[PDB]
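So this first bit is one chain, no partners, the form deposited without ligand 010, shown in structure tokens.
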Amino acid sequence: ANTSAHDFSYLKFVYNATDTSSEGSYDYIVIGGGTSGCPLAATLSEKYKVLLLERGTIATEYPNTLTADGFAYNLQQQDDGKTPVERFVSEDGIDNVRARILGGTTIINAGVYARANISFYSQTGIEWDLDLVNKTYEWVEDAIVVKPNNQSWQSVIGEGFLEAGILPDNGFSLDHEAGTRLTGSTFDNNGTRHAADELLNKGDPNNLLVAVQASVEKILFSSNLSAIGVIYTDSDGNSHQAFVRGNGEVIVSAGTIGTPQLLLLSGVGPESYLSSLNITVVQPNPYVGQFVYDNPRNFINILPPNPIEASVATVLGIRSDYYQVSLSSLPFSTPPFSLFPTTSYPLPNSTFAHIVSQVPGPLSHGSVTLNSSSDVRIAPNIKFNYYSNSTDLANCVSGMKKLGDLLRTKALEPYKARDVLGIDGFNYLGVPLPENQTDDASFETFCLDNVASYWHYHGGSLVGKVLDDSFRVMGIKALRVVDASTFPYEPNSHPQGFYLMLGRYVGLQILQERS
């Protein structure tokens, strides 16, 4: 991509769910207009009639989702039930967010773009067409990814990472590789956010209908079981149904949280569990909503004596055991929800730099369960079980030690408040790295007590547990699942790139079958 305005041309075929027919018929129904849903929708409409169903509204309604500068704003904004950010708390007690908007989490994220680690393909076991994977990345990148310009704070952390030993220097690259690099962004060089919603512009406007403020509450089934259609409600509280045509399919792309939720409500999940809630079992499947993962975030905040310019994350320090990045920010009197793990967290009075490490995997996991057994608009229960696996914890320790090395660099020295020898010359917001304390146990305590969400949560409808190699729900015809719920491990440090590619890639697979 180059600099241009967010392209809203697709609005010519976006309708409020209140204005759709009571009973619809399409070749394809895509539930959830997010990261995978949008390009899958657009792709299938090249040839067939597609209905895309999104519970949120359109991003024009929320202007702060449209700029690089607006990132904190949407997180700070209070959740009223219609806003683009939906707040929740895991049962672990860590604050967290998901999207509720057309374009999905790409409309609210930090804009970091990367391709999957090339070892990911062989690790899964799926026979990926790697040529086509690449062409599909190229298609996303041409539409919404730029090579970012220089930002001074990112250039400092760039020199710090090299100095601290995060080698080699990869230059500018979109590939997930060991070492330091400038990567891509879906924020353009004029501050404008580009997102999955713009990929709708690649669709055929006479094949694709997008319905917004559509809350999909049930998948509909025949009595050789098949998905036949969906029930959705509109903003007026009225019910609508939509059915698939011969050889067409329902695709669930409701995300890590919404997919298991929808499947469970539709009677696809653990049998004795669904029976305890008086839901009719259509397909017993023990793994619907199991193996849900959230990569932990651990961080420090430095307050420099001189002001620093605000920046979006573009520069990455990759090792096999920890993925590091940094953001610099203006001060605020209102906390951006889930930037810090709870609400009782000190407020910065000046510019600060948020310096962050991510645990790969992770190995720890929990579940998504129903809270309401009938209402999709009531959030499900989610538990991540942060640091129940000891390999996760060790990896956090390693990452935190690397952050110490980063803070000892000459590159970071001018941002110290006091010119002493140690890292206590920095002023901090919140908890410093264990001060003077060298041994592993101090880091472990730091990791466990100050963990945040990295927001890259995945799983709950896994390939191999619920899905086959082609993303079909096992035992059920004409049903697929395509979003972040499909994999038990991260494809790289920043997964939007992979899930954008996956929306289209699965679409092309489907279109090849129809040939």
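The numbering used is simple: start at 1 and walk along the sequence shown.
The modelled chain is continuous from residue 272 to residue 273, with every intervening residue of the deposited sequence accounted for. Stretches compared: 178-186, 130-138. Higher mean C-alpha B-factor in the entry: 130-138. Mean CA temperature factor is higher for 303-311 when stretches 102-110 and 303-311 are set side by side in the entry. Across the residues 95, 375, 86, 294, the deposited record lists the maximum Cα B factor for 375. The maximum CA B-factor among the listed residues 266, 329, 367, 192, taken from the PDB record, is found at 329. Per the deposited record, the Cα B-factor of residue 15 falls in the highest third when ranked against the other modelled residues of its chain. In this PDB entry, residue 221 carries a Cα temperature factor that places it within the middle third of its chain's modelled residues. For residue 470, the recorded CA temperature factor ranks within the highest third of the chain's modelled residues. Among the modelled residues of its chain, residue 49 has a C-alpha B-factor that falls in the middle third, as given in the PDB entry. When the CA B factors of the chain's modelled residues are split into thirds, the value for residue 345 lands in the highest one.
If you look for the form deposited with ligand 010 bound, you will not find it shown, but the lines that follow are about it.
With the partner omitted here, the stretch from 202-210, 283-291, 408-416, 323-331 that lies within 4.5 Å of ligand 010 by heavy atoms in the bound PDB entry is 323-331. In the bound PDB entry, residue 354 approaches ligand 010 with a heavy atom inside 4.5 Å. Ligand 010 in the bound PDB entry comes within 4.5 Å of no heavy atom belonging to residue 264. In the bound PDB entry, none of the heavy atoms of residue 228 sits within 4.5 Å of a heavy atom of ligand 010. Although the partner is absent here, residue 310 is not a contact residue: none of its heavy atoms lies within 4.5 angstroms of ligand 010 in the bound PDB entry.
This chain is displayed alone, yet in the bound PDB entry one of 94, 164, 433, 339 has a heavy atom within 4.5 Å of ligand 010; that residue is 339. Of the residues 62, 454, 48, 446, just one reaches ligand 010 in the bound PDB entry with a heavy atom at 4.5 Å or closer; this is 454.
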